[PDB]
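Take a look at this single chain, the form deposited in one PDB entry, given in structure tokens.
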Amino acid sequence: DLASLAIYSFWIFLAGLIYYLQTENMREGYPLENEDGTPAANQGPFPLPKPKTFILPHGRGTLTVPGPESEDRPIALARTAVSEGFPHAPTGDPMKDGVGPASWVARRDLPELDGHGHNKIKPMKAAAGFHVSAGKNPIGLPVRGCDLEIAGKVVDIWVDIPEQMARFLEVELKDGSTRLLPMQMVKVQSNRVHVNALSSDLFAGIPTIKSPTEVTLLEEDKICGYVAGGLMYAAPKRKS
């Protein structure tokens, strides 16, 4: 009968769908590799999917995945054991070298554009009309690090025009240079902004950006990488 025809068909459909559904989720990171870079013997049971191509909003091009995968950077790590499976120790300073929770990917060194071709993220100073509407305004507050010492002061708020959203605080250091610090990693309080991930002495190390009114995808990654990494690597100076 019908019902049992229907339910039996359904399971076959479902298995095709999982098959689908999995190969589609292979467009990045595959083929698997060995701790050295060479392709792994078992790639498992699902084949790699046929390639597909995105175009690329503003003359920016094309992307095709699956495609040759490569870190386009040196990785400073060394094995700690003679067999597959263990941690790879950092061979220098993981915050600088960009490994572990401090990693970044080599994304494109252009900034994201909104729907009209304009830089998605501008500092507030250059964003006409943008003002703070609710919540304490950080501009002006001193910035404190996880070692309870003062690293700098906020001088602007870099915002996402199209999403109308704060994305970074720009921060001025002892020497008069600035840094970006992610909104998501700071705590705005009433008489100051607080940063748990970094200690005072690590602010100078935050990657700088090249032009002072835009950030690239590559630089957002180095900045965010560098500061998440502090949670692990700055623990010795973090106190409470």
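Throughout, rigid core stands for the largest set of C-alpha atoms superposing within 1.5 Å between the two forms. In case it trips you up, residue 1 is the first one in the sequence shown, and so on.
Undergrad: Can you tell me which stretch has the higher mean Cα B-factor, 146 to 154 or 86 to 94?
TA: Higher of the two, by average CA B-factor, is 146 to 154.
Undergrad: So which stretch wins on mean C-alpha B-factor, 130 to 138 or 98 to 106?
TA: The entry gives the higher C-alpha B-factor average to 130 to 138.
Undergrad: Using only the C-alpha B-factors in the record, can you name which of 196, 184, 34, 53 has the highest?
TA: That would be 196, according to the entry.
Undergrad: Lowest, middle or highest third: where is residue 167 by Cα B-factor in its chain?
TA: For residue 167, whose C-alpha B-factor we compare with every modelled residue in the chain, the answer is the lowest third.
Undergrad: What third of its chain, lowest, middle or highest, does the C-alpha temperature factor of residue 29 fall into?
TA: Lowest third, going by the recorded CA B-factors of the chain.
Undergrad: What third of its chain, lowest, middle or highest, does the C-alpha temperature factor of residue 44 fall into?
TA: Highest third - that is where residue 44 ends up once the chain's C-alpha B-factors are sorted.
Undergrad: Sorting by Cα B-factor within the chain, modelled residues only, which third would residue 205 end up in: lowest, middle or highest?
TA: Within its chain, residue 205 is a lowest-third residue by C-alpha B-factor, going by the deposited values.
Undergrad: Sorting by Cα B-factor within the chain, modelled residues only, which third would residue 180 end up in: lowest, middle or highest?
TA: Lowest third - that is where residue 180 ends up once the chain's C-alpha B-factors are sorted.
Keep in mind that the form deposited in another entry is not shown, yet the notes after this line are about it.
Undergrad: Listing 44, 176, 57, 212 as candidates, which single one shows a C-alpha movement of 2 Å or greater between this form and the one not shown when the core is held fixed?
TA: The answer here is 44.
Undergrad: Spell out whether the Cα of residue 191 moves at least 2 Å between this form and the one not shown when the two forms are superposed on their rigid core.
TA: It does not reach a 2 Å shift.
Undergrad: C-alpha of residue 14: shift of 2 angstroms or more between this form and the one not shown, rigid core aligned?
TA: False for residue 14: its C-alpha shift is below 2 Å.
Undergrad: Does residue 30 move appreciably between this form and the one not shown, meaning a CA displacement of 2 Å or more on the superposed rigid core?
TA: Comparing forms between this form and the one not shown, the residue 30 CA shifts at least 2 Å.
Undergrad: Knowing the shift is 3 Å or more, I'd like to know if the C-alpha atoms of residue 76 and residue 37 are closer or farther apart in the other form than in the shown chain.
TA: Those two alpha carbons end up farther apart in the other form.
Undergrad: If the C-alpha spacing of residue 31 and residue 98 moves by 3 Å or more in the other form, is that a move closer or farther apart?
TA: Pair moves closer in the other form.
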